[PDB]
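Residue 338 in my numbering sits at position 31 of the sequence shown, and the numbers go up by one each step.
C-beta: ideal position from N, C-alpha, C; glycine also.
Worksheet: the structure to be examined is printed underneath.
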Amino acid sequence: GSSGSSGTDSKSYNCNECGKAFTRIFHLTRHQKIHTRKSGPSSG
Ligand SMILES: [Zn+2]
């Protein structure tokens, strides 16, 4: 046989909440701001 081997690793931060890939890590962190919400008023 000797087919070979698999397994690669390429730096890439992507939001696993919506589905958006970014270049840096600070760009994604500033995006999760819209994801997180707050609780208080019932009506909402
Ligand atoms: Zn997102």
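In this structure, ligand 1 has no non-hydrogen atom nearer than 8 Å to the beta-carbon of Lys318. The beta carbon of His342 sits closer than 8 Å to at least one heavy atom of ligand 1. By the criterion of a C-beta distance shorter than 7 Å, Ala328 is surrounded in its chain by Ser319 and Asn321, once the five residues flanking it on both sides are discounted.
DSSP places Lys318 outside any beta strand (DSSP E), giving it a letter other than H or E.
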